[PDB]
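*Asks:* Input file: entry-v1.txt. Contents: compact mmCIF, N, CA and C atoms.
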# COMPACT_ATOMS: atom_id res chain seq x y z
N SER A 1 59.05 -21.59 -7.62
CA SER A 1 58.74 -22.85 -8.34
C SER A 1 59.73 -23.01 -9.47
N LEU A 2 59.68 -24.16 -10.15
CA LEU A 2 60.56 -24.38 -11.30
C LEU A 2 60.31 -23.38 -12.42
N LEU A 3 59.11 -22.81 -12.51
CA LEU A 3 58.82 -21.78 -13.52
C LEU A 3 59.68 -20.54 -13.31
N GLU A 4 59.78 -20.07 -12.07
CA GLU A 4 60.62 -18.91 -11.79
C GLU A 4 62.09 -19.24 -11.99
N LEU A 5 62.50 -20.39 -11.50
CA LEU A 5 63.89 -20.82 -11.64
C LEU A 5 64.27 -20.90 -13.12
N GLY A 6 63.42 -21.52 -13.93
CA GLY A 6 63.72 -21.67 -15.34
C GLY A 6 63.84 -20.33 -16.05
N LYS A 7 62.97 -19.39 -15.69
CA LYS A 7 63.01 -18.05 -16.28
C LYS A 7 64.30 -17.32 -15.86
N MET A 8 64.63 -17.37 -14.57
CA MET A 8 65.88 -16.78 -14.08
C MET A 8 67.08 -17.31 -14.82
N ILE A 9 67.12 -18.62 -15.03
CA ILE A 9 68.25 -19.23 -15.73
C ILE A 9 68.32 -18.72 -17.17
N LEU A 10 67.19 -18.61 -17.85
CA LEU A 10 67.20 -18.04 -19.21
C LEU A 10 67.71 -16.59 -19.17
N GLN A 11 67.20 -15.82 -18.23
CA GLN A 11 67.55 -14.39 -18.12
C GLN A 11 69.05 -14.18 -17.90
N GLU A 12 69.64 -14.98 -17.01
CA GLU A 12 71.04 -14.80 -16.63
C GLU A 12 72.01 -15.53 -17.56
N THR A 13 71.72 -16.79 -17.90
CA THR A 13 72.66 -17.60 -18.68
C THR A 13 72.42 -17.64 -20.18
N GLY A 14 71.22 -17.25 -20.61
CA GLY A 14 70.80 -17.40 -21.99
C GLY A 14 70.47 -18.82 -22.40
N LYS A 15 70.46 -19.76 -21.45
CA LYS A 15 70.25 -21.18 -21.75
C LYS A 15 68.87 -21.69 -21.33
N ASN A 16 68.46 -22.76 -22.01
CA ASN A 16 67.31 -23.56 -21.66
C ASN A 16 67.62 -24.38 -20.40
N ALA A 17 66.91 -24.09 -19.32
CA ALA A 17 67.21 -24.72 -18.03
C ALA A 17 67.10 -26.24 -18.10
N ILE A 18 66.06 -26.75 -18.76
CA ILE A 18 65.84 -28.19 -18.80
C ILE A 18 66.94 -28.89 -19.60
N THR A 19 67.22 -28.41 -20.81
CA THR A 19 68.15 -29.13 -21.67
C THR A 19 69.61 -28.93 -21.28
N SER A 20 69.95 -27.76 -20.73
CA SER A 20 71.32 -27.46 -20.34
C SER A 20 71.67 -27.86 -18.90
N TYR A 21 70.70 -27.77 -17.99
CA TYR A 21 70.94 -28.00 -16.56
C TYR A 21 69.98 -29.01 -15.89
N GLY A 22 69.15 -29.69 -16.67
CA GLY A 22 68.21 -30.64 -16.09
C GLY A 22 68.87 -31.95 -15.69
N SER A 23 70.01 -32.23 -16.30
CA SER A 23 70.82 -33.37 -15.91
C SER A 23 72.26 -33.05 -16.25
N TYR A 24 72.94 -32.40 -15.32
CA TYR A 24 74.33 -32.00 -15.51
C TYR A 24 75.13 -32.36 -14.28
N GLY A 25 76.19 -33.12 -14.49
CA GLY A 25 77.08 -33.49 -13.42
C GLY A 25 76.38 -34.32 -12.37
N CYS A 26 76.89 -34.21 -11.15
CA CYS A 26 76.42 -34.94 -9.99
C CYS A 26 75.39 -34.22 -9.13
N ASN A 27 75.06 -32.97 -9.48
CA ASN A 27 74.14 -32.18 -8.66
C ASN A 27 73.03 -31.46 -9.39
N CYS A 28 73.19 -31.17 -10.67
CA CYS A 28 72.13 -30.48 -11.42
C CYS A 28 71.09 -31.51 -11.88
N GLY A 29 69.89 -31.45 -11.29
CA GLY A 29 68.77 -32.28 -11.68
C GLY A 29 68.19 -33.15 -10.59
N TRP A 30 66.95 -33.58 -10.82
CA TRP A 30 66.23 -34.45 -9.91
C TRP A 30 67.03 -35.71 -9.64
N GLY A 31 67.20 -36.01 -8.36
CA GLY A 31 67.88 -37.21 -7.93
C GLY A 31 69.39 -37.15 -7.96
N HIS A 32 69.98 -36.08 -8.51
CA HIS A 32 71.43 -35.97 -8.63
C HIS A 32 72.07 -35.62 -7.29
N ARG A 33 72.87 -36.54 -6.75
CA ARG A 33 73.79 -36.25 -5.64
C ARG A 33 75.17 -36.79 -5.95
N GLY A 34 76.16 -36.13 -5.36
CA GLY A 34 77.54 -36.50 -5.51
C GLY A 34 78.45 -35.30 -5.49
N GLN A 35 79.74 -35.56 -5.35
CA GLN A 35 80.71 -34.49 -5.33
C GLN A 35 80.71 -33.76 -6.67
N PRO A 36 80.70 -32.43 -6.65
CA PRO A 36 80.70 -31.66 -7.90
C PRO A 36 81.87 -31.97 -8.81
N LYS A 37 81.59 -32.04 -10.11
CA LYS A 37 82.60 -32.32 -11.13
C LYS A 37 83.29 -31.06 -11.63
N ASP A 38 82.61 -29.92 -11.51
CA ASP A 38 83.13 -28.63 -11.96
C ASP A 38 82.34 -27.49 -11.30
N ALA A 39 82.60 -26.25 -11.71
CA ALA A 39 82.02 -25.09 -11.04
C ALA A 39 80.52 -25.01 -11.27
N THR A 40 80.07 -25.34 -12.48
CA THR A 40 78.64 -25.37 -12.78
C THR A 40 77.93 -26.35 -11.84
N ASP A 41 78.48 -27.55 -11.71
CA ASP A 41 77.94 -28.58 -10.85
C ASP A 41 77.93 -28.11 -9.39
N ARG A 42 78.98 -27.40 -8.99
CA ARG A 42 79.06 -26.87 -7.64
C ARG A 42 77.93 -25.88 -7.41
N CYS A 43 77.64 -25.04 -8.39
CA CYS A 43 76.47 -24.15 -8.30
C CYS A 43 75.22 -24.93 -7.89
N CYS A 44 74.99 -26.06 -8.54
CA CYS A 44 73.79 -26.85 -8.28
C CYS A 44 73.81 -27.50 -6.91
N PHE A 45 75.00 -27.90 -6.46
CA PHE A 45 75.16 -28.41 -5.11
C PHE A 45 74.78 -27.37 -4.06
N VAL A 46 75.35 -26.19 -4.20
CA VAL A 46 75.06 -25.07 -3.29
C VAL A 46 73.55 -24.79 -3.28
N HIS A 47 72.95 -24.79 -4.47
CA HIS A 47 71.53 -24.51 -4.65
C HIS A 47 70.68 -25.50 -3.87
N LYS A 48 70.98 -26.78 -4.00
CA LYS A 48 70.23 -27.78 -3.26
C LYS A 48 70.44 -27.65 -1.77
N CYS A 49 71.66 -27.37 -1.33
CA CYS A 49 71.90 -27.10 0.09
C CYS A 49 71.01 -25.95 0.56
N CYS A 50 70.89 -24.93 -0.27
CA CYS A 50 70.16 -23.72 0.06
C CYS A 50 68.67 -23.99 0.24
N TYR A 51 68.05 -24.70 -0.68
CA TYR A 51 66.60 -24.80 -0.60
C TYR A 51 66.17 -25.98 0.25
N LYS A 52 67.03 -26.96 0.43
CA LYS A 52 66.60 -28.17 1.12
C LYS A 52 66.41 -27.92 2.60
N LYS A 53 67.00 -26.85 3.12
CA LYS A 53 66.84 -26.51 4.53
C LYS A 53 65.50 -25.85 4.85
N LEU A 54 64.78 -25.40 3.82
CA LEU A 54 63.48 -24.77 4.01
C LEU A 54 62.38 -25.80 4.23
N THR A 55 61.56 -25.56 5.24
CA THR A 55 60.58 -26.52 5.71
C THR A 55 59.15 -26.11 5.43
N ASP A 56 58.93 -24.85 5.08
CA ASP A 56 57.58 -24.29 5.17
C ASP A 56 56.94 -24.04 3.82
N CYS A 57 57.60 -24.46 2.76
CA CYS A 57 57.11 -24.28 1.41
C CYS A 57 57.86 -25.23 0.47
N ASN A 58 57.38 -25.33 -0.77
CA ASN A 58 57.87 -26.32 -1.74
C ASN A 58 58.60 -25.68 -2.91
N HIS A 59 59.87 -26.04 -3.07
CA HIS A 59 60.72 -25.45 -4.11
C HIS A 59 60.24 -25.71 -5.53
N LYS A 60 59.63 -26.86 -5.75
CA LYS A 60 59.25 -27.22 -7.11
C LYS A 60 57.98 -26.52 -7.57
N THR A 61 56.97 -26.45 -6.70
CA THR A 61 55.64 -26.07 -7.16
C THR A 61 55.11 -24.73 -6.67
N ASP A 62 55.64 -24.20 -5.57
CA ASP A 62 55.14 -22.94 -5.03
C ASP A 62 55.73 -21.75 -5.77
N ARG A 63 54.87 -21.02 -6.45
CA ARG A 63 55.28 -19.83 -7.18
C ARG A 63 55.59 -18.70 -6.23
N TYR A 64 56.45 -17.81 -6.67
CA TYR A 64 56.75 -16.60 -5.93
C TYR A 64 56.94 -15.43 -6.88
N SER A 65 56.97 -14.24 -6.30
CA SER A 65 57.09 -12.99 -7.05
C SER A 65 58.53 -12.50 -7.09
N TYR A 66 59.02 -12.24 -8.30
CA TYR A 66 60.30 -11.57 -8.48
C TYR A 66 60.22 -10.68 -9.71
N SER A 67 61.14 -9.74 -9.82
CA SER A 67 61.24 -8.91 -11.01
C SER A 67 62.62 -9.03 -11.65
N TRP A 68 62.64 -9.03 -12.98
CA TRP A 68 63.87 -8.89 -13.76
C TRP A 68 63.94 -7.40 -14.11
N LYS A 69 64.65 -6.65 -13.28
CA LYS A 69 64.64 -5.18 -13.31
C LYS A 69 66.06 -4.70 -13.51
N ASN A 70 66.27 -3.84 -14.50
CA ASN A 70 67.60 -3.34 -14.84
C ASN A 70 68.61 -4.47 -15.05
N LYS A 71 68.12 -5.52 -15.72
CA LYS A 71 68.90 -6.67 -16.14
C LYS A 71 69.50 -7.44 -14.96
N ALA A 72 68.77 -7.47 -13.84
CA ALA A 72 69.11 -8.30 -12.68
C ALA A 72 67.85 -8.79 -11.97
N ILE A 73 68.02 -9.77 -11.09
CA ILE A 73 66.92 -10.38 -10.36
C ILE A 73 66.69 -9.73 -9.01
N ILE A 74 65.45 -9.35 -8.76
CA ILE A 74 65.05 -8.83 -7.45
C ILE A 74 63.91 -9.68 -6.87
N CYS A 75 64.17 -10.31 -5.73
CA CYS A 75 63.14 -11.09 -5.04
C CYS A 75 62.16 -10.15 -4.33
N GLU A 76 60.90 -10.19 -4.76
CA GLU A 76 59.86 -9.28 -4.26
C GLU A 76 58.73 -10.10 -3.69
N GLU A 77 59.08 -11.00 -2.79
CA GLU A 77 58.14 -11.97 -2.27
C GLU A 77 57.90 -11.75 -0.78
N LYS A 78 56.63 -11.68 -0.40
CA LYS A 78 56.21 -11.41 0.98
C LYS A 78 56.25 -12.65 1.89
N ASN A 79 55.99 -13.82 1.33
CA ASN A 79 56.05 -15.06 2.09
C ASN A 79 57.53 -15.27 2.43
N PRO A 80 57.90 -15.28 3.71
CA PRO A 80 59.30 -15.47 4.11
C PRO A 80 59.99 -16.73 3.53
N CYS A 81 59.28 -17.85 3.53
CA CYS A 81 59.82 -19.08 2.98
C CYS A 81 60.00 -18.95 1.48
N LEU A 82 59.03 -18.34 0.80
CA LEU A 82 59.16 -18.20 -0.66
C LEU A 82 60.21 -17.15 -1.03
N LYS A 83 60.44 -16.19 -0.15
CA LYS A 83 61.51 -15.21 -0.38
C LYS A 83 62.87 -15.94 -0.33
N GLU A 84 63.02 -16.85 0.63
CA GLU A 84 64.24 -17.66 0.73
C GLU A 84 64.40 -18.58 -0.49
N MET A 85 63.31 -19.14 -0.99
CA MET A 85 63.35 -19.96 -2.21
C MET A 85 63.86 -19.12 -3.35
N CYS A 86 63.31 -17.91 -3.45
CA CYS A 86 63.68 -16.99 -4.50
C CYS A 86 65.17 -16.66 -4.40
N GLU A 87 65.67 -16.42 -3.20
CA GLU A 87 67.09 -16.11 -3.05
C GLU A 87 67.99 -17.28 -3.44
N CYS A 88 67.56 -18.50 -3.14
CA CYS A 88 68.30 -19.68 -3.58
C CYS A 88 68.36 -19.75 -5.10
N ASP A 89 67.21 -19.52 -5.73
CA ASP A 89 67.09 -19.60 -7.19
C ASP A 89 67.88 -18.48 -7.89
N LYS A 90 67.78 -17.27 -7.38
CA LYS A 90 68.54 -16.14 -7.88
C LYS A 90 70.03 -16.48 -7.83
N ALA A 91 70.47 -17.05 -6.72
CA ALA A 91 71.88 -17.36 -6.51
C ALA A 91 72.38 -18.39 -7.50
N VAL A 92 71.59 -19.42 -7.76
CA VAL A 92 72.05 -20.42 -8.72
C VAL A 92 72.06 -19.87 -10.14
N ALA A 93 71.11 -19.02 -10.50
CA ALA A 93 71.10 -18.45 -11.85
C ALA A 93 72.34 -17.59 -12.08
N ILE A 94 72.67 -16.75 -11.10
CA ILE A 94 73.88 -15.94 -11.15
C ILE A 94 75.12 -16.82 -11.20
N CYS A 95 75.17 -17.83 -10.35
CA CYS A 95 76.32 -18.72 -10.28
C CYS A 95 76.56 -19.43 -11.62
N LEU A 96 75.49 -19.93 -12.22
CA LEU A 96 75.59 -20.65 -13.48
C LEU A 96 76.10 -19.70 -14.57
N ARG A 97 75.60 -18.47 -14.56
CA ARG A 97 76.03 -17.46 -15.52
C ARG A 97 77.52 -17.13 -15.35
N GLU A 98 77.96 -16.96 -14.11
CA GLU A 98 79.35 -16.60 -13.85
C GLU A 98 80.31 -17.75 -14.22
N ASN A 99 79.79 -18.97 -14.30
CA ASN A 99 80.61 -20.13 -14.63
C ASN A 99 80.37 -20.74 -16.01
N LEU A 100 79.76 -19.95 -16.90
CA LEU A 100 79.53 -20.40 -18.27
C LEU A 100 80.82 -20.74 -18.98
N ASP A 101 81.90 -20.08 -18.59
CA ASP A 101 83.22 -20.26 -19.23
C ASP A 101 83.78 -21.68 -19.11
N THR A 102 83.31 -22.45 -18.13
CA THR A 102 83.73 -23.84 -17.98
C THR A 102 82.62 -24.86 -18.15
N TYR A 103 81.42 -24.42 -18.55
CA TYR A 103 80.34 -25.36 -18.90
C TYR A 103 80.85 -26.37 -19.92
N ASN A 104 80.61 -27.65 -19.65
CA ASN A 104 81.12 -28.75 -20.45
C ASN A 104 79.99 -29.74 -20.72
N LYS A 105 79.61 -29.87 -21.99
CA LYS A 105 78.53 -30.77 -22.40
C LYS A 105 78.74 -32.25 -22.05
N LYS A 106 79.97 -32.67 -21.76
CA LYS A 106 80.22 -34.05 -21.33
C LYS A 106 79.47 -34.45 -20.06
N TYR A 107 79.15 -33.47 -19.21
CA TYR A 107 78.50 -33.74 -17.94
C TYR A 107 76.98 -33.88 -18.05
N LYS A 108 76.44 -33.76 -19.26
CA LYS A 108 75.02 -34.00 -19.51
C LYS A 108 74.64 -35.48 -19.67
N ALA A 109 75.63 -36.37 -19.74
CA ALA A 109 75.37 -37.81 -19.94
C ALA A 109 75.90 -38.62 -18.74
N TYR A 110 74.98 -39.22 -17.97
CA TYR A 110 75.32 -39.84 -16.68
C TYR A 110 76.35 -40.97 -16.76
N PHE A 111 76.36 -41.68 -17.89
CA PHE A 111 77.27 -42.81 -18.10
C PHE A 111 78.72 -42.39 -18.39
N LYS A 112 78.91 -41.13 -18.78
CA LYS A 112 80.23 -40.62 -19.16
C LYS A 112 81.16 -40.28 -17.98
N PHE A 113 80.62 -40.18 -16.77
CA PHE A 113 81.42 -39.85 -15.59
C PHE A 113 80.93 -40.55 -14.31
N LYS A 114 81.81 -40.55 -13.31
CA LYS A 114 81.53 -41.14 -12.00
C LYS A 114 81.27 -40.04 -10.98
N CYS A 115 80.45 -40.37 -9.98
CA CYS A 115 80.15 -39.46 -8.89
C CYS A 115 80.70 -40.01 -7.58
N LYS A 116 81.59 -39.26 -6.93
CA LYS A 116 82.07 -39.62 -5.60
C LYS A 116 80.98 -39.32 -4.57
N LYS A 117 81.21 -39.75 -3.34
CA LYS A 117 80.28 -39.48 -2.25
C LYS A 117 80.06 -37.96 -2.10
N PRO A 118 78.83 -37.54 -1.79
CA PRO A 118 78.55 -36.12 -1.57
C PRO A 118 79.34 -35.53 -0.40
N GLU A 119 79.78 -34.29 -0.56
CA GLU A 119 80.33 -33.52 0.55
C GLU A 119 79.17 -32.93 1.35
N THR A 120 79.49 -32.40 2.53
CA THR A 120 78.49 -31.75 3.38
C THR A 120 78.27 -30.31 2.91
N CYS A 121 77.08 -29.80 3.21
CA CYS A 121 76.66 -28.47 2.78
C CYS A 121 77.43 -27.34 3.47
Could you render the structure from this file as structure tokens?
*Replies:*
Amino acid sequence: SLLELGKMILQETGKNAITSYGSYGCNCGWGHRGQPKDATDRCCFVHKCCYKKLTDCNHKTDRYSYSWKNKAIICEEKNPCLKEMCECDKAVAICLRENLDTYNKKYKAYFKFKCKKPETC
């Protein structure tokens, strides 16, 4: 669920998921589609590709079990669909952290940039 995702993002990036990534670029956030503007945005594109293919559970509301163990994320979820959700979320948290070096606050304001047509997953 968004609760686990938000915690993972805090754990890995040190950032507030909602304020830093709730509306960033063409892919980070509800309703956001379009070609990625930078590496952070690409993380969010990959993430949506990852979870949108799952049919048997809900990314937003279904909670799952994971541990923050030895300063990393371990998906410890028995439900196969929720384990896949967890892996998608783990991947985006890591990706966002690895790309902090190019995070750009300009992409938090939708009017400041244009979005090209989305690429395929």
*Asks:* Just to confirm, what's the straight-line distance from atom CA of residue A:3 to atom CA of residue A:64 in Å (one decimal)?
*Replies:*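 Atom CA of residue A:64 lies 9.4 Å from atom CA of residue A:3.
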*Asks:* Any idea what the distance is between atom N of residue A:11 and atom C of residue A:89?
*Replies:*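 So the two atoms, atom N of residue A:11 and atom C of residue A:89, lie 10.7 Å apart.
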*Asks:* Would you kindly return, as an MDAnalysis selection string, each protein, DNA or RNA residue with an atom no farther than 8 Å from any atom of stretch 78-81 of chain A, considering all atoms listed in the file and excluding same-chain residues fewer than 6 positions away?
*Replies:* chainID A and resid 54:58 64:65 87
*Asks:* Go ahead and write the selection's residues with N, CA and C atoms as a tab-separated table (two decimals), in the coordinates of the input.
*Replies:*
chain	number	residue	atom	x	y	z
A	54	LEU	N	64.78	-25.40	3.82
A	54	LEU	CA	63.48	-24.77	4.01
A	54	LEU	C	62.38	-25.80	4.23
A	55	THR	N	61.56	-25.56	5.24
A	55	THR	CA	60.58	-26.52	5.71
A	55	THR	C	59.15	-26.11	5.43
A	56	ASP	N	58.93	-24.85	5.08
A	56	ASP	CA	57.58	-24.29	5.17
A	56	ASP	C	56.94	-24.04	3.82
A	57	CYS	N	57.60	-24.46	2.76
A	57	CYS	CA	57.11	-24.28	1.41
A	57	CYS	C	57.86	-25.23	0.47
A	58	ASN	N	57.38	-25.33	-0.77
A	58	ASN	CA	57.87	-26.32	-1.74
A	58	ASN	C	58.60	-25.68	-2.91
A	64	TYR	N	56.45	-17.81	-6.67
A	64	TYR	CA	56.75	-16.60	-5.93
A	64	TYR	C	56.94	-15.43	-6.88
A	65	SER	N	56.97	-14.24	-6.30
A	65	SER	CA	57.09	-12.99	-7.05
A	65	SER	C	58.53	-12.50	-7.09
A	87	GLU	N	65.67	-16.42	-3.20
A	87	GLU	CA	67.09	-16.11	-3.05
A	87	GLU	C	67.99	-17.28	-3.44
*Asks:* Report the residues of stretch 18-112 of chain A whose backbone DSSP state falls under strand (DSSP E), written as a ChimeraX atom specification.
*Replies:* /A:66-69,72-75
*Asks:* Could you save those same residues with N, CA and C atoms as a PDB file, keeping the file's coordinate frame?
*Replies:*
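Output file selection.pdb is given in full below:
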ATOM      1  N   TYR A  66      59.020 -12.240  -8.300  1.00  0.00           N
ATOM      2  CA  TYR A  66      60.300 -11.570  -8.480  1.00  0.00           C
ATOM      3  C   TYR A  66      60.220 -10.680  -9.710  1.00  0.00           C
ATOM      4  N   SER A  67      61.140  -9.740  -9.820  1.00  0.00           N
ATOM      5  CA  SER A  67      61.240  -8.910 -11.010  1.00  0.00           C
ATOM      6  C   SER A  67      62.620  -9.030 -11.650  1.00  0.00           C
ATOM      7  N   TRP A  68      62.640  -9.030 -12.980  1.00  0.00           N
ATOM      8  CA  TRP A  68      63.870  -8.890 -13.760  1.00  0.00           C
ATOM      9  C   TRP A  68      63.940  -7.400 -14.110  1.00  0.00           C
ATOM     10  N   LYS A  69      64.650  -6.650 -13.280  1.00  0.00           N
ATOM     11  CA  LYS A  69      64.640  -5.180 -13.310  1.00  0.00           C
ATOM     12  C   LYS A  69      66.060  -4.700 -13.510  1.00  0.00           C
ATOM     13  N   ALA A  72      68.770  -7.470 -13.840  1.00  0.00           N
ATOM     14  CA  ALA A  72      69.110  -8.300 -12.680  1.00  0.00           C
ATOM     15  C   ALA A  72      67.850  -8.790 -11.970  1.00  0.00           C
ATOM     16  N   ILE A  73      68.020  -9.770 -11.090  1.00  0.00           N
ATOM     17  CA  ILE A  73      66.920 -10.380 -10.360  1.00  0.00           C
ATOM     18  C   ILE A  73      66.690  -9.730  -9.010  1.00  0.00           C
ATOM     19  N   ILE A  74      65.450  -9.350  -8.760  1.00  0.00           N
ATOM     20  CA  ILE A  74      65.050  -8.830  -7.450  1.00  0.00           C
ATOM     21  C   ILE A  74      63.910  -9.680  -6.870  1.00  0.00           C
ATOM     22  N   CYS A  75      64.170 -10.310  -5.730  1.00  0.00           N
ATOM     23  CA  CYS A  75      63.140 -11.090  -5.040  1.00  0.00           C
ATOM     24  C   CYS A  75      62.160 -10.150  -4.330  1.00  0.00           C
TER      25      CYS A  75
END
*Asks:* Which residue gives the smallest distance to residue A:91 among A:47, A:116, A:31, A:40, with only N, CA and C atoms counted?
*Replies:*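 That would be A:47, the residue with the smallest distance to residue A:91.
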*Asks:* Measure the distance from atom CA of residue A:12 to atom CA of residue A:97 in Å and round it to one decimal.
*Replies:* 5.8 Å
